[PDB]
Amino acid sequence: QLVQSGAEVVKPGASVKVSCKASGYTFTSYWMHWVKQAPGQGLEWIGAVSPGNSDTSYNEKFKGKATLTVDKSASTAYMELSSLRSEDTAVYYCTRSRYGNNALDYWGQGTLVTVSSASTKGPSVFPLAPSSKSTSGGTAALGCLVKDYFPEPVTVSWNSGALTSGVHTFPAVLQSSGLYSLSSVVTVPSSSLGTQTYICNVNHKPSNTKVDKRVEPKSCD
């Protein structure tokens, strides 16, 4: 199979070297390929390298942005992305082909490369308060707006496991300012909206920000 290096957050002009360890097959019987996947252009072929004699082929679109090399010893391929921009933000995959034959059968698990001027910031959990009314009988809904954090991920739980149900912790969104927002939501019975205590258990490992926050009706205009 194919195991790649971990995710990476880096700043604009910088450069990254991603790795892919082949194991369990003859490293040199396969050309190793690199593929970009990001919302915008979808799936794109960056290029490929033959491990034997290190022959390369690059997509004109990535010509120069990327440089592929290989270590036959370690059965490993490397991709180097240079002169980075925020548009190069993507998941990058390695995969293989066999000259015979097949395919693009096995893919690496992918390496997330995030490119942002923005520097590390913690969230700002704000309460989405349950309104007085009504709705169509039951039930009632409340949540936390996890606003302005960098970079992903954040983990939001509710009552730490005592609320694995009815909960929707949405995907993030990158605002202008280059900062992410997230909103979690739970749906609770219209009756006990003042019998149970709901605290957002947001933690954001990229800094050491673990925030608790409870949510209640406020009673003003």
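Sequential numbering from 1, following the sequence displayed.
- According to the PDB record, 203-211 carries the higher mean C-alpha B-factor of the two stretches 203-211 and 12-20.
- Two stretches are in play, 187-195 and 51-59, and the higher mean C-alpha B-factor belongs to 187-195.
- When the C-alpha B-factors of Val113, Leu81, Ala129, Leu104 are ranked from the entry, the top spot goes to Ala129.
- Going by the entry's values, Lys133 shows the largest Cα B-factor out of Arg85, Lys133, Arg96, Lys72.
- For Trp31, the recorded CA temperature factor ranks within the lowest third of the chain's modelled residues.
- Among the modelled residues of its chain, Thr139 has a C-alpha B-factor that falls in the highest third according to the deposited record.
- Per the deposited record, the Cα B-factor of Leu2 falls in the lowest third when ranked against the other modelled residues of its chain.
- Remark: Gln41 belongs to the middle third of its chain, ranked by C-alpha B-factor as recorded.
- In the deposited entry, the Cα temperature factor of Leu179 places it in the middle third of its chain's modelled residues.
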